[PDB]
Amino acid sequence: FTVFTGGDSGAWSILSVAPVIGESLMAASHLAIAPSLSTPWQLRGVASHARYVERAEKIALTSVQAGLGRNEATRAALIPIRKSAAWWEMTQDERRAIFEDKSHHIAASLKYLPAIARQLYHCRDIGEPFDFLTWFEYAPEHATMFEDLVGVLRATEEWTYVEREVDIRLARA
């Protein structure tokens, strides 16, 4: 379990919290991130195994992607997301087709690496009010590229299934 806590301390100060769809989150000054085996808000998720990635895609990703904790990557984003019942009712082949064949989530995002490093956390199965916690780190000079990527994905068929989403932006403290 990785716990994201909006509060008065932590490795990240919070630049901004803005609504995207559905209910937003309360303001806080800092974000702490920490492992755990079990305040304005607190959110938890789990880094997990691949649900959609195929081998050729994994190869393509690992060849360009960067890791967390880069000295220059002093800006970050946390985007909590919940998809609709209609999404979760669909079968695996139908979700994969929307995710990649129609939305090209992977193929269209590859150009943004290595600039944008990412980590995905899953939390539907632990009863959290979101389904995913998406975490991104980048240099200040790539922030406009980052907001551009985000706007691109938010225009996709995949995103028509998002029913709650919040925009949190951070600066390394």
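In this text, residue numbers run from 1 along the sequence as written.
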{"item": "Residues of the deposited sequence left unbuilt between residue 39 and residue 38", "value": "4 to 9"}
{"item": "Stretch exceeding the other in mean C-alpha B-factor - 9-17, 161-169", "value": "161-169"}
{"item": "Higher-scoring stretch by recorded Cα B factor average, 63-71 or 127-135", "value": "63-71"}
{"item": "Residue selected from 32, 120, 108, 43 by maximal Cα B factor", "value": "108"}
{"item": "Chain thirds of CA B-factor: placement of residue 155", "value": "highest"}
{"item": "CA B-factor placement of residue 51, once the chain's modelled residues are sorted into thirds", "value": "middle"}
{"item": "Chain third (lowest, middle, highest) by recorded CA B-factor, residue given as residue 104", "value": "middle"}
{"item": "CA B-factor placement of residue 78, once the chain's modelled residues are sorted into thirds", "value": "lowest"}
